[PDB]
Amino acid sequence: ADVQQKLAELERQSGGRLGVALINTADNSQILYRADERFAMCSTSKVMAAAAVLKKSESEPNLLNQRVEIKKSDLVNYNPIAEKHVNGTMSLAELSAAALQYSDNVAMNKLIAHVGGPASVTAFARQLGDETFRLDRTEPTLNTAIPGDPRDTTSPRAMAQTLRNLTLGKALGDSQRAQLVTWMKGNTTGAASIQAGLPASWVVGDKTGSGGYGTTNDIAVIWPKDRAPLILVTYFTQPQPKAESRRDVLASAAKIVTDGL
């Protein structure tokens, strides 16, 4: 109740809507705040698209080495790695890494297309037991984050359970799970989000998201010093279409729910 009051006051001071789900795998306990409400995932959905391709590679183990053509017609507002390879190719490994470590939008769209489109990423989520996740659109429009629009949304509870199953559980094969964790740990962006509310000694594998209405998100797997890992989802969105990002709100929520660990 004390943690709940602190998250409510954080949300009130911030002016927006906050969703939090923490899973502590030491005892399977959870801290939940608006954890069954829907939030626009924005780029946090790149984790699911990358994982869907990893799952496919369990049936096609050379898949990450397969080449994908990059063309000018593919470019979608933000693509710092793919634009280097226009009229050339990238491997599915390179596209996964670019999506997860640079949030490259072309990379996301190639991962979505590879498995068959947004509805196929949603079908992958359903196969993991996630009935909440829905991917409806490609980049860049999946980031509109309009209040009330369920497209490209999930809930903090559902995303925390799915990220647990992907990064720590058995949703993926052992080598695929290791590859996903390697990519997320190697993502050094996001230091101002969940990680900024944690002790510097803790190891974090995260993916941030940002979109319209000042939407500011982060999902993470966290290895605290001398502790079993945590899964933390922090979603935040604001009433004004042109609101600026609030990465610090996610850092604050992370500090509140991990205090004492």
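The first residue of the shown sequence is 1; numbering continues from there.
Of the two segments examined, 187 to 195 and 155 to 163, it is 187 to 195 that shows the higher average Cα temperature factor in the deposited entry. When the two stretches 168 to 176 and 85 to 93 are set side by side, the higher mean Cα temperature factor goes to 168 to 176. The entry lists a Cα temperature factor for residue 38 that places it in the middle third of the chain's modelled residues. Among the modelled residues of its chain, residue 64 has a C-alpha B-factor that falls in the middle third according to the deposited record.
Among the modelled residues of its chain, residue 212 has a C-alpha B-factor that falls in the middle third, as given in the PDB entry.
Looking at the C-alpha B-factors along this chain, the one for residue 128 belongs to the highest third. When all modelled residues of the chain are sorted by CA temperature factor, residue 15 is found within the highest third.
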